[PDB]
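This report concerns only the one structure given below.
Sequence lines set the chain letters: A, B, ... in the order given, protein chains first and strands last, and positions in each chain run from 1. Below, each value reflects all heavy atoms present in this structure, side chains not excepted, and no hydrogens, waters or symmetry copies.
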Amino acid sequence: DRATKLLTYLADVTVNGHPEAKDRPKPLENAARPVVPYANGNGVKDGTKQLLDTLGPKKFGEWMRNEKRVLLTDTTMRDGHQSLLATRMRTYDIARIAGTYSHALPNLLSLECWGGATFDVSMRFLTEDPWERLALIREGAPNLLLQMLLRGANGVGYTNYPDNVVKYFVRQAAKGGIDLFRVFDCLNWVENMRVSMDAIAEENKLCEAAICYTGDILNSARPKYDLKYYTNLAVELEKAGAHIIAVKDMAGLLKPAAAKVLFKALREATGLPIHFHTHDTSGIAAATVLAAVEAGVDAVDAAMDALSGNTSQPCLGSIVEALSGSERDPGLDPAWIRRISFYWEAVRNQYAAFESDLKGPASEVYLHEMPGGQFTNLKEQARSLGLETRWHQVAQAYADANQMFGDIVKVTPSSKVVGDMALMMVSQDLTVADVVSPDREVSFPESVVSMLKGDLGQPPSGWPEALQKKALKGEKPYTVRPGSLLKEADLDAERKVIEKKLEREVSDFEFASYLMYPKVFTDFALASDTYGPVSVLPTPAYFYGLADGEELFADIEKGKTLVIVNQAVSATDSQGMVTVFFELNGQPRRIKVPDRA
Amino acid sequence: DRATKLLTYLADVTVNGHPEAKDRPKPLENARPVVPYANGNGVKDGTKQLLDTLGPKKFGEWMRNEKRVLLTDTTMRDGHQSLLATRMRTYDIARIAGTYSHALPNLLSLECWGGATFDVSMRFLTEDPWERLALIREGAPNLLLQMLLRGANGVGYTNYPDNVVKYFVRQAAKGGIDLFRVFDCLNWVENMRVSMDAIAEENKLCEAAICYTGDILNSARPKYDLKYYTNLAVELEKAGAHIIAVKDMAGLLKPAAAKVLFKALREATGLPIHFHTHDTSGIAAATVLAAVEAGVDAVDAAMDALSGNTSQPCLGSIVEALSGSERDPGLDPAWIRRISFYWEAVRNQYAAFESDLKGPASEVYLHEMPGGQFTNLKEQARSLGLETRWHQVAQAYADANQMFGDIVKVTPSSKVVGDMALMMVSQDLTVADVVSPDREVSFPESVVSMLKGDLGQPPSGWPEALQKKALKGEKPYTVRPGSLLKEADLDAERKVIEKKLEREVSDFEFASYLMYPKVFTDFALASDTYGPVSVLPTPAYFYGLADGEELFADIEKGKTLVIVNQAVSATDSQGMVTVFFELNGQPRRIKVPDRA
Amino acid sequence: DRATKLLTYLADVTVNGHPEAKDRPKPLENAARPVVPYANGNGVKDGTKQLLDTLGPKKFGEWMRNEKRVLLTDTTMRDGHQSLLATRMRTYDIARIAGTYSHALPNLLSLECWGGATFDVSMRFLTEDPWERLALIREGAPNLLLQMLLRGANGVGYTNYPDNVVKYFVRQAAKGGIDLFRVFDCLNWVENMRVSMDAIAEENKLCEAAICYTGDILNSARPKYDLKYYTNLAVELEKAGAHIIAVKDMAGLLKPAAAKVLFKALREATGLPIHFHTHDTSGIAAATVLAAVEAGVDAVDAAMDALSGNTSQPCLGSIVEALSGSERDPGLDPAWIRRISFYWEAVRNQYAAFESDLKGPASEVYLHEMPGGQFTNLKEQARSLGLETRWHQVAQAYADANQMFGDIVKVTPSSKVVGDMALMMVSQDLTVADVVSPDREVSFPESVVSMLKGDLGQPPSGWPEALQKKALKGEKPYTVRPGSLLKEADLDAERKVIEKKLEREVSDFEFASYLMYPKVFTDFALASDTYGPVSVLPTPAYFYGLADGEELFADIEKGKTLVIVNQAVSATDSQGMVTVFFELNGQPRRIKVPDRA
Ligand SMILES: O=C([O-])C(=O)[O-]
Ligand SMILES: O=C([O-])C(=O)[O-]
Ligand SMILES: O=C([O-])C(=O)[O-]
Ligand SMILES: [Cl-]
Ligand SMILES: [Cl-]
Ligand SMILES: [Cl-]
Ligand SMILES: [Mg+2]
Ligand SMILES: [Mg+2]
Ligand SMILES: [Mg+2]
Ligand SMILES: [Zn+2]
Ligand SMILES: [Zn+2]
Ligand SMILES: [Zn+2]
């Protein structure tokens, strides 16, 4: 029956395509099935996971600090496909390689493999459970730390959530297999990081409190984001009880010379270890990573070659190959990095529908400051409102818009607020001067009014008086922390409304999903109950179903594999229905679905 | 299995089309034929029971004394033979027999057998001609079933041995034939005797025909004059005929002609007379109505929907012309129409085999092609790239006949003159350059054969010069062809067909082999593969089953199978396609090869 | 400028098609053009035209009677193609053969080549002038009578017209070249034929008064149309001044045995000659014609083989071939008959778009009694309304309607009334009883209300009272001649109308056209203005234009033959025009026309 359901899905998509895929380019026909590399050996070597179990967090941070080799985080499973393929990478492809990482690269610090947009996108667009994805990775890689991106008070969403909800989700994140929380507030406002960090320590997990990098410390004329700004914030996050400090260079704006100064002062300001995250939009980000190493940074992020470069992280294989034989050599087999790259490359080819038209490097990023993760999002969106031809003015729009809001930190969610503003500015031909004008009738987005009201929090100086006094149009503003002014959700009451809605008891993880994404979880559950475990299908099947005569092997369960052949399709019938003719484990099956077209 | 076989056919044709159909016009995707509603009664005794009571001699007398003209319906033979390449199926013919039986019990006969039907049924329609006959016999047990029998030529195109003609007739009668219209392609009485005697030994009706050619009222063409027709009549009576027929195979007999002819026929012989014509001129009905006013005993017509042009003239109107008169035939005009509206719905299913003939042509009086040739020869000429010179071909046919002495042109002589004419247009040959001694030609296998004496002998006998040229060495003969041909060893020619089909066959099955060795063999093969395909309705037999379509088929009477084409696979790697069926609510999958 | 207009026509048709053809079957591509038969060279022999001019109409009638040979009227140029090709035969093909008829068949009585539906269809569907077509025929056949069908008070229209319009039209037709006017009333009402008859006599032309035939005089269960009905009407028509009596068997109903009695009784009831017209729908009309011949009829109509049979007249070659050597041998060389029929066959292949799917004779005609020239039309109108599968019920409803009307003569325009009636009964599923039912509302067609009102005149025993009273909804019927209630047309004023609308003087022939068909004529004149003398185009070019690369020869005048090549056709420009690139006589011409798609 769970099989009946999978046939139903396969039929529904063989006849009607997938909505996210049907509109876009399709993979090369000949196409190798990606092949998981045969692991050399039997057991897996103890690594950083077992160390955090022995040491606990504080002592684990200290261990990084004293460690001489540079430690590595692989982002391929998260920021990587988020940046190059709109976060569409499936569990099937992700989980399947975890064990290979475990055997072939036991020295790694962590796998960045959860959080960010994956939580939203897995359900909403990939019709699979992100907690299930996490478990599968936990299972395959019991020797590596598992890393998530946590948007501080925004959680895995886009608006600040009630304190008890941040508290609750973190508790669940932990029980699900998350070892390492890279947490960050989108305005670098510490006072809005406390509840989150405190919750991470309380579950006795790693609190890597991030500081988002913007501007240019070596430019005297841009004084707001100088070196003293960062060094204080580092000291402040230590006070607030970080186990590790990260520099989140979300836009890939930190330049090598700047690293060399920054990571020296940072290590001078705190004893806690330092972890550097950048994106490679400039085409120079590896330089900034290598500069950060020489200056003594304890840990860096990179993506597998095959999903590296451009708006992603810089190239893991080449960064490692650069350090090879150096005092700080991170002891990672290049041969194995390359076998895993060849696999991710074959995985990548299956997601052709989601490839951007981005050609290569751009120093334009120093002007606009858009985050690696955004960029392509905003460009398709600017396509959507008919602006593909005016894109470079939409980049000027973004930068003026930034200076308008007072020269702010721009990252999820804050970035989207700037994005939504830039698109309007171009569309309705508003200068920043026409934007802030008394006599000019502007109708701001539901996300601009929201942030000016005080919902993403508060920057250092506060918001600009005038821009806000127009943008609120009578709604009075608040400067207090958004979690303080939101009632503490009655958890036991919300769990009845979702359990009644679905006429069943949901798991504690499931209640977390609904808490973060009420409507999206509900739509996913209904899809779940209708199509079943769609996540066990290999990717070409999940997006295009089965060709005529195509044999499929699918493992609904454990060691229960199913042999599904699509042997024919019928014409559309009097009832508007189509019948797909499956052979399942040598047995005939007839499945009817609607001709939606 | 019986069912499995058919499903394989439906798959092969659904996928590959039918070879005789796939490149020609389709019917309007848009009315299945409906057998008209049963009137409840049992069936009135007719001519069949009368024949059984009187015997053929006295039955023949009884036609003579009948005052009402008697009628023979040809829709089931000459009619589709002439308009549809003889391609009408058993399914459509059998299904209406019972309606004729109940609704027109006055009919003399149904002409429903022989002619091209024996051949074509197996060769292009994958059905048994004897089964067709038997089902018509069962539907209409009260009417005479009439075959056209080409004399020494049987159901074939060449003179057969005496013993084989003996054998075939014997089986025809076992199979349900009551009335043998027997003719000879050169009106050669010597060559008719073997048939005639075999028809009388079976105690069936021998209707000995005279083919009509020329124009009896044109003094400038004095070969084919009255005496000629009224002498042959007296000869055929003395040969022991029960009826005489005029076979106007090409529609040449004119009304003024009929009137003289039929009076004088009746004066020469006491036997009844039966008139057959085609309407290629557009006036044959007036020849038929002339013939009646002159006392003719019986006439042929076809149902309205398959009448006109190269077919017989229109039954329904001819009857209506008579209605109320002293010779009124007593046939209900509403039932005629009902049956015609059936043949009309039937006929639309055979769109693939329609000619492009627009109407009447007085040209027939020039060329003299038989109705049941005309289209055949326009198609074989399109097949020699000549469609733009068809009128030069008709002139050649006329010139060719003059060349052969001025002969009777009916099957299979008609083909012989066709084959020559078609050569003359292509190879650009005047009859002067055809009989020329300096110009070297290569005559058809048909024409060499007729001139050596294989189809018989014209009254003069053949022109020497044409003979001794074509004969290129070969010494001709002037005797009866079967007098020469070795009496086939029937026991021995039986085993050769039984060791090749690896089973016993019936006397009827043997008869088909004797007439068509190579054709029966190919039909038996397919029958064991695809099964009783005769029982499939006619849009399925030619085009298979469209998607989601639901069909109904009676394998065995009181055993109907519901067959539904639910799906058709794309081709597989090994070159096969899989049709997915539902037979009586059970799923079946049938693999058929792709011959594209 | 005339050449410019033809090119514009050729362009339009080439790039948009011809409305009447573009969605029907096309002629065979190979298509041999029609060849006019080469003439032996011998002069044109005086014939029935010279005789009429010498004797005048009364003594010409007398000369017909006394003639021993049967006389033939060829119908190919009018009823042939009206009945088989929806009257779409063109002047180009028709006129080009007149001189052959004249040289080859000089004994002919007449060519039936004008009136009936041709007057209308020529303007409306062929964009050509019927006066022109007649002149061309007159010019080609100076030795033969030219014969029209004139619908008594209905003219060449579908309704009774004021008397003075009827007089005017007949005056123009005599001027235009008509020698022999077959005139008929749709209800055999002589009172309603006198104006027509008198007008024909006043022009000194042959007045062939028709009695329409229906029923079965030999069937005493149908007494209304018995032998004395026919013989009495002949006597009355003689008293009204006919020079010739016709029997118009417009549905081919007369059987041979009835002909024997009818024509002997007619030649005894009146000394005038008798002319017999019938259709071959039944499949036996040749039998009936040869019987009329045997009985002493004076003239019979037939159609050339290639447009005979079925709903047309019966075959001329075979009729003659059957009379040949007889006492009444008509003296027509059938060799030449066949040569001319062969031309007509080639002409006919060009009109494949207009062929019907009639397969042959139908004894069903004795039941429905549909005129030959209505049949196909009505069968299409029924298709039009979704009634193809039910044709046979329309034919039965037509019979029933005919009896519901009291049992009436069905011919243009009464036949159309009965058809509207049948169609409605079948669409709406009404028996005759329902139709006259007190509790059942019926909205009768206008042609039916109007007939029962009296507009088509009076049948011998009046209209059935109860049907009439229900059909008219309180309107009062009348029993006078319809034309006695119509305003005299103010001729001088109406001429000033059409002359103001066209901004030029018109001819008397054009004005008679206007008087018969105001809207249609006005459209035709406007078209002539735009497209020039399109009647001079050969028929394939008229309906399909020119293929790419095609060379066409065309005579706008005797000494001037245009050579036209289609060299290229453009894509559709931004103004929605397409530019066709022609060569005219070696010179480049470019014609823009609209893309109408
Ligand atoms: O999706 C995110 O939160 C990101 O990477 O900034
Ligand atoms: O088959 C035949 O012999 C025929 O119809 O002439
Ligand atoms: O057009 C006509 O009047 C006719 O022939 O019925
Ligand atoms: Cl949601
Ligand atoms: Cl054979
Ligand atoms: Cl009008
Ligand atoms: Mg370190
Ligand atoms: Mg008799
Ligand atoms: Mg006379
Ligand atoms: Zn990132
Ligand atoms: Zn025949
Ligand atoms: Zn007519």
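- Taking 4.5 Å as the limit, every side-chain heavy atom of B/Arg338 sits out of range of all side-chain heavy atoms of C/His392.
- The heavy-atom pair separating B/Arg337 from C/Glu364 by the smallest distance is CD-CA, 3.7 Å.
- Taking OG of C/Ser363 as the start and CG of B/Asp304 as the end, the distance is 4.0 Å to the nearest 0.5 Å.
- B/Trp390 CH2 to C/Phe342 CZ: the interatomic distance, rounded to the nearest 0.5 Å, is 12.5 Å.
- With a 4.5 Å cut-off on non-hydrogen atoms, C/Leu218 does not touch chain B at all.
- Heavy atoms of C/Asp280 lying under 4.5 Å from chain B belong exclusively to its side chain.
- Of the atoms belonging to C/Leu316, not a single heavy atom falls under 4.5 Å from chain B.
- When heavy atoms are compared at a cutoff of 4.5 Å, C/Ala322 approaches chain B by way of both its backbone and its side chain.
- Interface remark: B/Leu366 contributes side-chain atoms only to the contact with chain C (heavy atom separation under 4.5 Å).
- With a threshold of 4.5 angstrom between heavy atoms, B/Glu293 does not approach chain C through any atom at all.
- In this structure, the side chains of C/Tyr366 and B/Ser317 come closer than 4.5 Å at one or more pairs of heavy atoms.
- Here the shortest heavy-atom pairing between B/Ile283 and C/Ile319 reads CG2-N, 4.2 Å.
- Residue contact with chain C, scored on non-hydrogen atoms closer than 4.5 Å, is absent for B/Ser340.
- Across B/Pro360 and C/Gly309, no two heavy atoms sit closer than the pair CG-CA, 4.0 Å.
- Atom CG of residue B/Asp356 and atom CG of residue C/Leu28 lie 7.5 Å apart, to the nearest 0.5 angstrom.
- Of the residues considered (C/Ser282, C/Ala257, C/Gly360), C/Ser282 shows the highest number of contacts with chain B, using heavy-atom pairs under 4.5 Å.
- Contact annotation: the side chain of C/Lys359 approaches that of B/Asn348 to within less than 4.5 Å [non-hydrogen atoms, C-beta and beyond].
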